[PDB]
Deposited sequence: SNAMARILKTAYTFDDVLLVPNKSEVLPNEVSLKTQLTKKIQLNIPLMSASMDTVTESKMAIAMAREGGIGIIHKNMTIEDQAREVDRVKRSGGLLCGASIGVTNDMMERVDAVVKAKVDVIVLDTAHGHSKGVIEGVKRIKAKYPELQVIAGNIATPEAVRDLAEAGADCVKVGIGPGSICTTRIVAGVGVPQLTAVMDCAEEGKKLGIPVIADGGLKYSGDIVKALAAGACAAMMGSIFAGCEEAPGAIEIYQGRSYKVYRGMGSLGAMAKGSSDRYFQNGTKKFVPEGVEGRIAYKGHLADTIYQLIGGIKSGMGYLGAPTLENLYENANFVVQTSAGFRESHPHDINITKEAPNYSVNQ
């Protein structure tokens, strides 16, 4: 049995640097045809991304994926609100269902830029045939297929015609897939394995779920992922759907998995939980902290571009004792940091 690692298992080693954090470029190719100015995407979840999130993401240089837990017409409307807010980029998740192409037609007429054929188990007959049929009707349409965790999945989805694949089985902060079904692979080893296959095929991969800190994004990108998708980092922002609740003098936002009971009900066996996270203000202040943390990581590693970061990044594995050293330790913190807990 081989050991697989997540982000908190590894640290990136400093390289010689001639660049400073404000000198590096975060541009990335989400697909051959879609370039993003920062490597960040908001999750296609009903407590993270609707048109208001998708607009602010796009203005920051990333992209949002409008969730599909709504009627076909309303999702087309959401996409429409983004595209009419100054020609920004927009995505939209699609499902393996009988009405699948009826939903695609709608958001395609609303000029969506990318579709995410998004399922619990992406390495499947449904998703492979779905990609083919979507490409049959819309050959120009950019397709992201997921979710997967193995290089074999990258191959089979690349052959179905996906323009991009999304890596992540069970890392999500609100996910119980690993509890309920016992299936997953630790996210850093997942992205590393699939990214290396992605680059042999010329197909990019997205690191999706399990990211908590800007440093976790740096590890994902250094592992070969074109981009990072978050729910929990963005769920607490004002632009995410759902009002703020105040509890014990602090303010929180509802955040829940799309396999949770609340989400699915808009019996069954959930693969996600429903809870609340701390309110973080506007999306612009979160994005800034993440971007700054990413540029800081790339500086330590001497990388002026994302591709140079990936070709020169060395990881080391840290134990549970290294873990404690790598977070603030042996101190009573009195003031919360803007980029730490």
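**Q.** Deposited residues without C-alpha coordinates, grouped into stretches that follow sequence order
**A.** No coordinates exist for the deposited residues in 1 to 7, 274 to 285, 361 to 363, so these stretches are absent from the model.
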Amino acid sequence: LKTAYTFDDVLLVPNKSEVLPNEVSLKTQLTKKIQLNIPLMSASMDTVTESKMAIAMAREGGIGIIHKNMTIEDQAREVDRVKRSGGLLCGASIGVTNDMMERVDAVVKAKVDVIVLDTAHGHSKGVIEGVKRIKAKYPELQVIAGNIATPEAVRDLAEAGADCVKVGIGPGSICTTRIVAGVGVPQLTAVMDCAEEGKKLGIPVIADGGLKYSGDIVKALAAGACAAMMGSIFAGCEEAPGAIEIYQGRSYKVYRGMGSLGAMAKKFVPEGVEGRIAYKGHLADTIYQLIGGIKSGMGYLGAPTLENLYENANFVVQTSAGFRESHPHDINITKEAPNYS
From here on, numbers count along this sequence of modelled residues.
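Q | Of 314 to 322 and 17 to 25, the one with larger mean CA B-factor | A | 17 to 25 has the higher mean C-alpha B-factor.
Q: Would you determine, from the values in the PDB entry, which of 169 to 177 and 200 to 208 has the greater average C-alpha temperature factor?
A: Higher mean C-alpha B-factor in the PDB entry: 200 to 208.
Q) Of the options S260, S85, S93, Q187, which has the highest CA B factor as deposited? A) Comparing C-alpha B-factors across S260, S85, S93, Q187, the maximum falls on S85.
Q) Mind checking which third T119 falls in for C-alpha B-factor across the chain? A) It belongs to the middle third of the chain when residues are ordered by C-alpha B-factor.
(Q) Taking only the Cα B-factors deposited for this chain, tell me whether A228 sits in the lowest, middle or highest third. (A) As the PDB entry reports it, the C-alpha B-factor of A228 lands in the lowest third of its chain.
Q.
Can you tell me whether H67 has a C-alpha B-factor in the lowest, middle or highest third compared with the other modelled residues of the same chain?
A. CA B-factor rank for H67: lowest third.
Q. Of the three thirds of its chain by CA temperature factor, lowest, middle or highest, which one includes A243?
A. It belongs to the highest third of the chain when residues are ordered by C-alpha B-factor.
Q: Would you please rank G249 by its C-alpha temperature factor against the other modelled residues of its chain and give the third it falls in: lowest, middle or highest?
A: Tercile = highest for this residue's CA B-factor.
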